[PDB]
Amino acid sequence: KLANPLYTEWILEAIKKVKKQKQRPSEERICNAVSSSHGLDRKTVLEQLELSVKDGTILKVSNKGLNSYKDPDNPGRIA
DNA sequence: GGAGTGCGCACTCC
DNA sequence: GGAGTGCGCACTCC
Ligand SMILES: [Mg+2]
(Lines give C-alpha, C1' and ligand atoms only; values in the text may rest on other atoms or scores of the structure.)
Protein backbone atom coordinates (compact mmCIF):
# COMPACT_ATOMS: atom_id res chain seq x y z
CA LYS A 1 0.00 0.00 0.00
CA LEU A 2 1.82 3.06 -1.31
CA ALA A 3 -0.48 5.92 -0.32
CA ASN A 4 -1.00 7.16 3.19
CA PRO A 5 -4.53 5.95 4.04
CA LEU A 6 -5.28 9.22 5.86
CA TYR A 7 -4.51 11.18 2.70
CA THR A 8 -6.49 8.75 0.53
CA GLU A 9 -9.50 9.36 2.78
CA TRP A 10 -9.17 13.14 2.45
CA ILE A 11 -8.91 12.81 -1.32
CA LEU A 12 -12.01 10.60 -1.41
CA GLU A 13 -13.84 13.27 0.63
CA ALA A 14 -12.66 15.86 -1.89
CA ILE A 15 -13.93 13.76 -4.80
CA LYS A 16 -17.33 13.54 -3.13
CA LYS A 17 -17.38 17.32 -2.62
CA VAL A 18 -16.42 18.15 -6.22
CA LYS A 19 -18.91 15.64 -7.63
CA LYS A 20 -21.66 17.21 -5.53
CA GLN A 21 -20.71 20.56 -7.10
CA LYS A 22 -21.34 18.95 -10.54
CA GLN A 23 -17.77 19.47 -11.75
CA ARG A 24 -15.29 16.95 -13.12
CA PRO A 25 -13.20 15.70 -10.15
CA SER A 26 -9.90 16.67 -11.78
CA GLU A 27 -6.45 16.81 -10.18
CA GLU A 28 -6.72 20.58 -9.85
CA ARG A 29 -10.14 20.58 -8.17
CA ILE A 30 -9.08 17.79 -5.82
CA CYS A 31 -5.94 19.72 -4.82
CA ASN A 32 -7.96 22.87 -4.14
CA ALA A 33 -10.51 20.97 -2.07
CA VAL A 34 -7.89 19.22 0.07
CA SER A 35 -6.07 22.52 0.54
CA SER A 36 -9.32 23.99 1.86
CA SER A 37 -10.16 21.06 4.13
CA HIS A 38 -6.73 20.39 5.67
CA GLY A 39 -4.06 22.74 4.30
CA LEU A 40 -2.13 20.06 2.41
CA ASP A 41 -0.05 21.46 -0.43
CA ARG A 42 -0.59 20.72 -4.11
CA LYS A 43 2.54 18.61 -4.53
CA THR A 44 1.58 16.27 -1.70
CA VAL A 45 -2.03 15.87 -2.87
CA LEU A 46 -0.91 15.13 -6.43
CA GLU A 47 1.57 12.53 -5.15
CA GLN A 48 -1.02 10.85 -2.95
CA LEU A 49 -3.68 10.88 -5.66
CA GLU A 50 -1.29 9.07 -8.02
CA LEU A 51 -0.31 6.58 -5.32
CA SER A 52 -3.96 5.92 -4.42
CA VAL A 53 -4.75 5.16 -8.06
CA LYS A 54 -1.83 2.70 -8.12
CA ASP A 55 -3.21 1.13 -4.91
CA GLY A 56 -6.68 0.75 -6.46
CA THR A 57 -8.41 2.79 -3.75
CA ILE A 58 -9.16 5.63 -6.17
CA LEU A 59 -10.24 5.05 -9.80
CA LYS A 60 -8.92 7.11 -12.72
CA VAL A 61 -10.88 7.60 -15.94
CA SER A 62 -9.16 9.34 -18.84
CA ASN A 63 -10.73 11.06 -21.86
CA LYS A 64 -8.39 12.64 -24.44
CA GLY A 65 -5.85 13.45 -21.75
CA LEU A 66 -8.30 14.79 -19.15
CA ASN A 67 -8.74 12.73 -16.00
CA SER A 68 -11.72 12.21 -13.69
CA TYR A 69 -11.27 10.44 -10.37
CA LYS A 70 -13.86 8.22 -8.71
CA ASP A 71 -14.51 6.61 -5.36
CA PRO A 72 -14.84 2.79 -5.72
CA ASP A 73 -17.94 3.13 -3.49
CA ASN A 74 -19.62 5.47 -6.04
CA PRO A 75 -18.02 4.78 -9.43
CA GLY A 76 -20.86 6.25 -11.47
CA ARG A 77 -20.67 5.62 -15.19
CA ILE A 78 -17.63 3.44 -15.93
CA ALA A 79 -16.88 1.10 -18.83
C1' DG B 1 -12.36 41.85 -7.30
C1' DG B 2 -11.60 37.24 -7.28
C1' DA B 3 -12.26 32.77 -5.18
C1' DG B 4 -15.53 29.58 -4.37
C1' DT B 5 -20.17 27.36 -4.89
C1' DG B 6 -24.96 25.89 -6.71
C1' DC B 7 -27.56 24.09 -10.30
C1' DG B 8 -30.36 24.43 -14.58
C1' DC B 9 -29.71 22.66 -18.81
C1' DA B 10 -27.46 20.65 -23.13
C1' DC B 11 -25.14 16.74 -24.10
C1' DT B 12 -23.54 11.79 -23.27
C1' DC B 13 -24.44 7.11 -23.17
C1' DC B 14 -26.87 2.93 -21.93
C1' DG C 1 -36.46 7.30 -22.87
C1' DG C 2 -33.94 8.85 -19.28
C1' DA C 3 -29.91 8.74 -15.64
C1' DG C 4 -25.35 10.53 -15.53
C1' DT C 5 -21.62 14.18 -16.53
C1' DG C 6 -19.96 18.54 -16.30
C1' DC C 7 -20.16 23.20 -18.79
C1' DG C 8 -21.64 27.79 -18.20
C1' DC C 9 -22.79 31.11 -15.62
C1' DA C 10 -25.79 33.46 -11.62
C1' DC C 11 -24.80 33.88 -7.25
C1' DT C 12 -22.21 34.18 -2.56
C1' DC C 13 -18.44 34.83 0.23
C1' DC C 14 -14.63 37.53 2.06
MG1 LIG D 1 -15.04 4.02 0.95
Side-chain angles (χ1 to χ4, degrees):
Chain A
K1 191 78 75 79
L2 304 172
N4 186 323
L6 176 65
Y7 294 155
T8 300
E9 197 44 52
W10 293 348
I11 292 167
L12 286 167
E13 291 165 346
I15 286 164
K16 176 185 284 189
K17 174 188 186 195
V18 175
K19 276 289 294 184
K20 173 170 116 92
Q21 292 184 7
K22 311 222 274 157
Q23 312 288 173
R24 170 173 57 99
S26 64
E27 295 88 349
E28 303 99 313
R29 287 190 185 268
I30 286 162
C31 289
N32 213 13
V34 181
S35 177
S36 286
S37 61
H38 290 105
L40 217 54
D41 64 26
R42 163 193 189 94
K43 182 190 182 171
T44 301
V45 178
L46 289 174
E47 293 166 344
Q48 293 289 318
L49 179 57
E50 175 180 66
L51 294 179
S52 299
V53 167
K54 289 178 186 296
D55 289 342
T57 50
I58 295 179
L59 269 38
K60 177 184 185 183
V61 173
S62 300
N63 187 344
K64 304 191 278 290
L66 296 175
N67 303 315
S68 312
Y69 297 89
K70 301 162 162 282
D71 188 335
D73 296 327
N74 183 21
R77 269 188 146 174
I78 285 200

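Each chain gets a letter, A, B and so on, in the order its sequence line appears, and its residues count up from 1. Basis for what follows: all heavy atoms, side chains included, without hydrogens, waters or symmetry-related copies.
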**OP:** Answer yes or no: is there a donor N or O on one side and an acceptor on the other, between the side chain of A:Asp55 and the main chain of A:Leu2, under 3.5 Å?
**Re:** yes
Side-chain donor/acceptor pairs under 3.5 Å, residues 38-51 of chain A, sequence neighbours excluded:
from	atom 1	to	atom 2	distance (Å)
A:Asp41	OD1	A:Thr44	N	2.9
A:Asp41	OD1	A:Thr44	OG1	2.7
A:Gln48	OE1	A:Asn4	N	2.9

**OP:** Report yes or no: do A:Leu66 and A:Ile58 belong to one cluster of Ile/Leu/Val/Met/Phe/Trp/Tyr joined by side chain heavy-atom distances under 4.5 Å?
**Re:** no
Original post:
Distance from A:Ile30 atom CD1 to A:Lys17 atom NZ, nearest 0.5 Å?
Top reply: 12.0 Å
**OP:** Provide, to the nearest angstrom, the distance between the CD1 atom belonging to A:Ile15 and the P atom belonging to C:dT5.
**Re:** 13 Å
Original post:
Across the strands shown, which category fits A:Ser36 at heavy-atom distances under 4.0 angstrom: base, sugar-phosphate, nothing?
Top reply: nothing
Original post:
Is any side-chain nitrogen or oxygen of A:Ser68 closer than 4.0 Å to OP1 or OP2 of C:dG6?
Top reply: yes
Original post:
Can you tell me if the side-chain N/O atoms of A:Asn32 get under 4.0 Å from OP1 or OP2 in B:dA3?
Top reply: no
Original post:
How does protein reach along nucleotides 7-14 of chain B, written 5' to 3' as B (base within reach of a heavy atom under 4.0 Å), S (only sugar-phosphate), or - (no contact)?
Top reply: BBB--BBS
Original post:
In whole angstroms, how far is the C1' atom of C:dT5 from the CG atom of A:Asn74?
Top reply: 12 Å
Subject >> Worked verdict on A:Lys16 versus A:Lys20 for side chain to side chain contact (heavy atoms under 4.5 Å, CB included) >> reply: CA-CA 6 Å; A:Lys16 176 185 284 189; A:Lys20 173 170 116 92; 5.6 Å; no
Original post:
Expressed in angstrom and rounded to an integer, what is the separation of A:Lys17 atom NZ from C:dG6 atom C1'?
Top reply: 17 Å
Subject >> Distance, nearest 0.5 Å, that separates OG1 of A:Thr57 from CD of A:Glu9 >> reply: 9.5 Å
Subject >> Protein-nucleotide distance (A:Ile30, atom CD1; B:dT5, atom P), rounded to Å >> reply: 14 Å
**OP:** Runs of at least three consecutive Watson-Crick or G-U pairs, both distances under 3.5 Å, are what I'm after; which ones involve DNA chain B?
**Re:** B:1-14 with C:1-14
**OP:** To the nearest 0.5 angstrom, please state how far the NZ atom of A:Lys19 sits from the CZ atom of A:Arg29.
**Re:** 12.5 Å
**OP:** With rounding to the nearest 0.5 Å, note down the distance linking CG in A:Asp71 to CD1 in A:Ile11.
**Re:** 11.5 Å
